[PDB]
Each structure stands twice: as C-alpha cells, then as structure tokens.
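Asker: Show me the folded form of this:
(one chain, ligands or ions: 1)
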Amino acid sequence: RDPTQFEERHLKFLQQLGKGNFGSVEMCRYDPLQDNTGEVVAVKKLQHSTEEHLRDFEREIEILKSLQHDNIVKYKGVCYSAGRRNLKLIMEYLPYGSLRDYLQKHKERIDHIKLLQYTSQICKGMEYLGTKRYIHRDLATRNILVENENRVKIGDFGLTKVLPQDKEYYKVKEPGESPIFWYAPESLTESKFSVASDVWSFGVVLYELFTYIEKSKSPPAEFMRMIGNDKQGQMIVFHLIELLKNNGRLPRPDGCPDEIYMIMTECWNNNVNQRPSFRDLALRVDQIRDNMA
Ligand SMILES: NC(=O)c1cc(-c2ccnc(N)n2)[nH]c1-c1cc(C(F)(F)F)ccc1Cl
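Answerer: Numbers count the residues shown, from 1 in each chain. Have a look at this structure:
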C-alpha cells in the first residue's frame with residue numbers, strides 16, 4: 001500500500017483549525033487501526049466543491065506537491081471521494097498553528113531576533129517558490145504556520161498562480177478573494193501579480209510581525225484610517241489606489257529597528273523594478289540577525 005493515498009473513512013475529525021472563503025482545514029487522525037493511535041494530519045477541503053472550484057483546488061494541490069522546502073508546509077497526500085470526485089488535501093499538522101495566532105498570543109515575549117528568524121525563513125520559502133515561477137498573491141501572517149518556536153512555514157497556496165511561460169506577471173481577470181490591504185498598487189489597478197507584488201506583500205508581513213498583530217494597528221485598520229473610515233466597498237479600492245500613488249504607507253511600527261523599517265519601505269516601492277529580490281532580502285535579513293546576535 002501507498003501512504004499518499006488516504007482512505008476517507010479512516011480520517012477521524014478531531015477539531016477545526018481554520019476557515020477561509022472557499023475552504024477549511026481540520027485536524028484529523030488517520031486511524032485505520034481504529035485504536036486512536038494513527039497519525040495526526042491537517043486536512044484541507046472545499047466548502048463548495050463546485051466543478052470550477054475543484055479544478056482550481058486540484059491545481060493548488062499539484063502546486064503544493066511540487067514544493068519541497070524547509071519553509072513550505074509538507075504535502076502528505078490526497079483523499080478522493082467516489083463519484084463526484086471531491087478532493088481533500090492531506091498535509092503535515094504543524095502544531096503551533098498560524099503565525100498570526102501565535103504572535104497575537106505571545107506578543108513581545110517573542111523578541112526581535114526571533115521575529116527576524118521567522119522573517120528570514122519566510123523570505124527563503126518565497127525565494128524558493130519564485131524559482132518555480134509561482135506567485136503566491138496572499139502572503140500574510142495568517143497564511144504562515146508555526147512548526148515550533150524555531151521554524152515557520154508558508155502554509156497555504158489557495159491564491160497561488162503559475163506565471164505563463166513568456167511573461168513575468170499573471171493577470172487575474174475576474175478576482176474572487178482579494179486581500180487588498182496586502183496588494184501592490186499594480187495589483188489594485190490592473191490585477192497584475194508578479195514576484196515583485198509578492199515582495200510588496202512580504203513588506204506588509206514584516207509590518208505585521210513588528211506590530212505583534214495588534215488589531216488597532218493591522219494593515220486594514222491603518223489603511224482605513226488613512227483613507228477615512230467612511231469609505232466603503234469599491235470606494236476603498238479607489239481611495240487606497242490614490243493613497244498608495246501619493247506615497248501614503250503604513251507607519252513605522254512602535255519599537256521597530258531602523259534597518260527593518262528600511263526594508264519594509266523598500267518593498268513598498270511604487271516602481272515594480274525597484275523592489276528588492278527575495279534572494280537579496282534573505283541575505284540582508286540574515287546579515288541583520290548576525291549583527292544582532
Ligand atoms: N486558519 C488557520 O488558523 C489555520 C491553521 C492551519 C494549520 C494548523 C496546523 N497544521 C496545518 N497544516 N495547518 N491552517 C490554517 C489555514 C486555513 C486556511 C483556510 F482558509 F483554508 F481554512 C487558510 C490558510 C491557513 Cl494557514
């Protein structure tokens with residue numbers, strides 16, 4: 001028998017781990033001996049497994065399966081249902097949960113050197129993703145998972161796109177989910193996504209880390225304050241595009257080291273070509289960690 005083939009009927013629900021707009025993740029024990037001794041795994045499934053969604057989810061699964069990196073969650077296998085061929089994605093269970101939750105919980109008990117360890121690890125997962133010509137589109141602490149206090153991994157690829165062979169961006173024609181407060185200006189105006197727009201989002205992740213996920217300071221709270229809390233629906237996108245074009249940016253987080261804030265603002269360059277590379281970010285971050293240690 002083949003360990004990447006999981007039989008649905010042996011997957012026992014233990015608890016719900018997260019829910020997003022089209023999918024959820026559950027903690028399950030894969031327990032074919034039925035004695036509660038089987039492996040605990042994380043299971044992603046669709047809430048509305050329509051034909052169109054299933055096609056996208058099967059691509060997402062092939063994307064994950066193709067990635068093998070210390071800072072990318074490990075694919076374990078898939079569950080197939082009889083008939084309509086519903087799919088479940090089986091992944092390693094990372095027991096400290098999302099980095100967003102983890103940091104919200106421990107706050108400044110996690111110090112700067114540890115935040116920079118996480119930053120370096122995120123940078124390296126992304127740099128590796130870019131070698132495969134994948135654009136994540138949703139890089140945010142809510143999509144990063146914590147294996148243990150010394151290792152984080154990019155943990156979800158639901159918005160991930162594969163670049164066409166002849167172009168350095170992917171244009172999304174009819175967006176669903178759009179985490180606009182993490183989006184580069186060209187992603188807001190033209191729905192164009194690229195390694196450089198993931199770099200813009202990584203700058204937002206760095207902001208998240210350094211604000212310790214304080215709610216009143218989250219990217220949506222701060223951008224809504226800068227455009228005015230009265231803006232709603234499609235007008236938020238309009239005013240956010242105008243704000244970014246005028247160099248309105250998230251503020252320096254309280255207590256943030258200068259050199260870290262410098263990296264965020266360089267990621268938030270309006271000129272796509274001036275944003276740094278993930279290769280360079282990982283070098284720079286590791287130099288900072290070295291200097292600090
Ligand atoms: N939202 C969460 O808090 C959470 C927790 C996990 C998790 C926990 C432990 N191991 C693994 N693989 N995933 N994975 C998620 C998660 C869920 C979703 C969604 F939207 F699909 F449900 C998306 C992204 C993440 Cl990280």
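
Asker: Please make it C-alpha for all contacts and neighbour counts, starting now.
Answerer: Noted.

Asker: Surely residue 185 touches residue 243?
Answerer: No - the criterion here is C-alpha atoms under 8 Å, and residue 185 misses it with residue 243 at 9.7 Å.

Asker: more neighbours, the two?
Answerer: residue 185 (25 against 16; other C-alpha atoms under 10 Å).

Asker: For the more buried one, give me its contacts.
Answerer: 241, 244-245, 270 (C-alpha atoms under 8 Å, 6 or more residues apart in numbering).

Asker: Pull out the buried residues from those.
Answerer: Among the contacts of residue 185, those buried by neighbour count (16 or more other C-alpha atoms under 10 Å) are 241, 244, 270.

Asker: With distance to residue 160 added, can I get those residues in TSV?
Answerer: Putting the buried ones among the contacts of residue 185 into TSV (distance: C-alpha to C-alpha, whole Å) gives the following:
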residue	distance to residue 160
241	23
244	24
270	22
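
Asker: Relative to residue 62, which of those is nearest.
Answerer: Proximity of the buried ones among the contacts of residue 185 to residue 62 was ranked by C-alpha to C-alpha; the top entry is residue 270 with 32.7 Å.

Asker: Where does that closest one sit: helix, strand or coil?
Answerer: Local secondary structure at residue 270 is given as coil here, using DSSP: H, G, I helix; E, B strand; the rest coil.

Asker: quick one: contacts of the helix or strand containing residue 279?
Answerer: Element membership of residue 279, judged by DSSP states H and E, is helix 278-292. Helix 278-292 is contacted from outside by 113, 116-117, 119-120, 123-124, 126-127, 199, 259, 263, using C-alpha under 8 Å, 6+ apart.

Asker: CA atoms only: put it into PDB for me.
Answerer: In PDB, the C-alpha atoms belonging to helix 278-292 read as follows (Å, rounded to 0.1, in the frame of the first residue of the first chain):
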ATOM      1  CA  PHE A 278      13.800  37.700  -2.200                       C
ATOM      2  CA  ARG A 279      17.400  36.500  -2.700                       C
ATOM      3  CA  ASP A 280      18.600  39.800  -1.500                       C
ATOM      4  CA  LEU A 281      16.100  40.100   1.300                       C
ATOM      5  CA  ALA A 282      17.200  36.800   2.800                       C
ATOM      6  CA  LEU A 283      20.900  37.900   2.600                       C
ATOM      7  CA  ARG A 284      20.000  41.200   4.200                       C
ATOM      8  CA  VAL A 285      17.900  39.800   7.000                       C
ATOM      9  CA  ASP A 286      20.500  37.100   7.800                       C
ATOM     10  CA  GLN A 287      23.200  39.900   8.000                       C
ATOM     11  CA  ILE A 288      20.900  41.800  10.400                       C
ATOM     12  CA  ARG A 289      20.400  38.700  12.500                       C
ATOM     13  CA  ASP A 290      24.200  38.200  12.600                       C
ATOM     14  CA  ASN A 291      24.800  41.700  13.600                       C
ATOM     15  CA  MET A 292      22.300  41.400  16.500                       C
END
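
Asker: Sounds good, over and out.
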